[PDB]
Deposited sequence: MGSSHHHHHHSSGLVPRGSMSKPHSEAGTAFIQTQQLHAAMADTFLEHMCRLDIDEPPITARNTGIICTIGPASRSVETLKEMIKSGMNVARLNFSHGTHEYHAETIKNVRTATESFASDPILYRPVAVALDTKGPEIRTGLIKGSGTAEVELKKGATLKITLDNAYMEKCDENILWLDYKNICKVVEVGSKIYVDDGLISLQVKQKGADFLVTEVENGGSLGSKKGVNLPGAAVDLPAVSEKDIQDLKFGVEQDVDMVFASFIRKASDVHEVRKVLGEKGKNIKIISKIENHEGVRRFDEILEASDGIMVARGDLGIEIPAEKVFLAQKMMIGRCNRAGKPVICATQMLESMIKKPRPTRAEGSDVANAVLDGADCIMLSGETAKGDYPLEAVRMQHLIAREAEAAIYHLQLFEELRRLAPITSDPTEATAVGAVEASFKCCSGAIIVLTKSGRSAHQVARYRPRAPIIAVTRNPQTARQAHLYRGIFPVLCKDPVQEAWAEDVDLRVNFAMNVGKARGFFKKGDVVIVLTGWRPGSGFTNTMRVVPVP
């Protein structure tokens, strides 16, 4: 509304409540703190849209049981289709990780002490303060004397003092408590591990068997890595979405070809901020969100967004700012990892991301955003593109309560979301996978129609539209006499009709 971004900031009002709808999807990592069906039901009620399974840990049998619990909780609400919320399942691959071994349970590494790194498997369960095993058998080929090795989210740091043929002698730079099977980072080293290992192949086939909705591919460095994951999913998994995790320097450098090959991007800030200087992570995050926004592809901001809530019921002020600014940047989804997998306050963490995301969406400077997105998108002969941007423009003109989109594949609703309306996008589908995957796109509130198909086209259209009207009324997005925008076809790939209709 204000004519400048500065005036817009000056008018932000803490006493102005936001609208009901929350447009940014929330991705929760499942683990011991959130694995029970009972807790999952509350997670869903608190706002979880996507359950993420971290395949860096756990057996297939452990993950099959998590998936089972997630679906039990999700389907416990299916008896009321107007209130049912689809919940997607994401498989986050291990990828080319480096891990330490088992502590012979922690030991205290002291700054200045010597610590020897061994590849001898006779020590893989006998790590202590003098000797440390790790599973990267080629480490001696890629690090030099003077190299830095980081352990456990980059908190422990070691300096290589001597390099043998199959061992390293290091000095502890930043010490502290060292546990078992901790992650290792070698920034600057040309780590030669494969993008898709044999474990990754087994995990990906398991995801197809288990009917997952998306894959979060760790440590993607180039387009050929994405093509490899895509080849493994094969024809049977061809509709599974591949989200490439950017988390090293090469992935940032090669981001454009990775984006073109991917269905979406995760800014995987944990590893990313150890691989590049921490003071540069915000630049990469904003670069990648902007480029994904410009391309109309989903982008996830992830890792440590509410980290202190693993142990505290309230977040720090930096965490509140970080969630809000991710939404203001343009992130389609935000994510929780330890805060929901292992923390003491998993439901409070979900509710806080819901609350902050909703406040941040109300603070977006839509006047400039809508202008620049349209200026940066080319002209096209696609009738669905023109109808989508026309519908969004109409939605700003009448401050509609929603844009209702009927969609089989999701494509129609994605095209609308790319132009970032303020109003929620109620995407009506009969395809359950479409409904689960639509959570990746900002603004899309998927609803799963279960009424049988009508033989007459016009009748089946009116049925799904009335379904959306009832969902919107039930959720409090709008009320009788409000005005909504409705996008339909006139005959998949034929969305070309916009109607401005009052809610009955």
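Asks: Missing C-alpha coordinates: which residue stretches of the deposited sequence does that apply to?
Replies: Model skips 1-40, 145-148, 536-537 of the deposited chain.
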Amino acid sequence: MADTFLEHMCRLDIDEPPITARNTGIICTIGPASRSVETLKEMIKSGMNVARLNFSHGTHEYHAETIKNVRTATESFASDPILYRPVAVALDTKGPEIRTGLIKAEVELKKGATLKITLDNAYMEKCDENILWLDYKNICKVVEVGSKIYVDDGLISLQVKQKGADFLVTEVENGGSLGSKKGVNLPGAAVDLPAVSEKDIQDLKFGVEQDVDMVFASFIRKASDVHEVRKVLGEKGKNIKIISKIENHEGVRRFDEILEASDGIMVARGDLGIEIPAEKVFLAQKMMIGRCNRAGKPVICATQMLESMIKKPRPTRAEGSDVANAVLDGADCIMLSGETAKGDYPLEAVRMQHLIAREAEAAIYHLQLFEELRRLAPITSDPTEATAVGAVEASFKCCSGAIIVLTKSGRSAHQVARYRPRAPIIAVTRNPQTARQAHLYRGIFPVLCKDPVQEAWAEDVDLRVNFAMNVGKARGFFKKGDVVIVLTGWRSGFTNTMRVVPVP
From here on, numbers count along this sequence of modelled residues.
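Asks: Do the C-alpha atoms of 427-435 or of 109-117 have the higher average B factor in the entry?
Replies: Per the PDB record, 109-117.
Asks: Per the PDB record, is the mean Cα temperature factor higher over 451-459 or over 33-41?
Replies: Going by the record's values, the stretch with the higher mean is 451-459.
Asks: In this PDB entry, which of 122, 386, 350, 328 has the top CA B-factor?
Replies: Result of the comparison over 122, 386, 350, 328: 122.
Asks: Between 337, 177, 395, 415, which one tops the list for Cα B-factor in this entry?
Replies: Answer for 337, 177, 395, 415: 177, with the highest C-alpha B-factor.
Asks: Based on the entry's values, in what third of the chain does the Cα temperature factor of residue 286 lie: lowest, middle or highest?
Replies: For residue 286, whose C-alpha B-factor we compare with every modelled residue in the chain, the answer is the lowest third.
Asks: Lowest, middle or highest third: which one holds residue 68 when the chain's residues are ordered by CA B-factor from the entry?
Replies: It falls in the middle third of the chain.
Asks: Comparing residue 164 with the other modelled residues of its chain, is its CA B-factor in the lowest, middle or highest third?
Replies: Highest third - that is where residue 164 ends up once the chain's C-alpha B-factors are sorted.
Asks: Sorting the chain's CA B-factors, does residue 498 end up in the lowest, middle or highest third?
Replies: Ranked within chain, residue 498 CA B lands in the lowest tercile.
Asks: Using only modelled residues of the chain, where does the Cα B factor of residue 49 rank: lowest third, middle third or highest third?
Replies: Lowest third of the chain for residue 49's C-alpha B-factor.
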